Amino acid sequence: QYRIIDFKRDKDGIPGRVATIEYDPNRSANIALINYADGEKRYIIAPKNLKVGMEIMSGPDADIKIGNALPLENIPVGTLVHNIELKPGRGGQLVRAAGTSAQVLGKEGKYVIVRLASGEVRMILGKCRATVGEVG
């Protein structure tokens, strides 16, 4: 039932478990309490189909599953993503908790090409992070 949503998703390597999923009218969105193995607790926007009991992870080594956050360079072409970082570190700036998820279309050099819901296409630094899944 809480206030701060983690849009940074920087607990890399530390496995978390989806404890609960609840609707926040104030945010017109589902939010999940994640219990990390180091005892830390955080809330994130719950993507479509995320479920209690599922495991979560962030970083270069996380698998490609909804709720997981990884640098775009590590995300497979065709993946739907949200909470997209524009400059490596600034955290999610695009489609953080509402709208329609973007889709990775291709990877070239030190950039990943993404198609926003509107059809708009952007090339973004591979080091920039995104969370796998669909929102709003």
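The numbering used is simple: start at 1 and walk along the sequence shown.
Original post:
Looking at the deposited entry, does 117-125 or 9-17 carry the larger mean Cα B-factor?
Top reply: Per the PDB record, 117-125.
Subject >> Average Cα temperature factor in the PDB entry - higher stretch of 84-92, 46-54 >> reply: Per the PDB record, 84-92.
Subject >> Candidate set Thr100, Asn68, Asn74, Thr79 [ranked by C-alpha B-factor, highest] >> reply: Comparing C-alpha B-factors across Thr100, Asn68, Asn74, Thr79, the maximum falls on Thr100.
Original post:
Out of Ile64, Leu105, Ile31, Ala37, which residue has the highest Cα temperature factor in the PDB record?
Top reply: If I rank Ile64, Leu105, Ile31, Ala37 by C-alpha B-factor, first place goes to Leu105.
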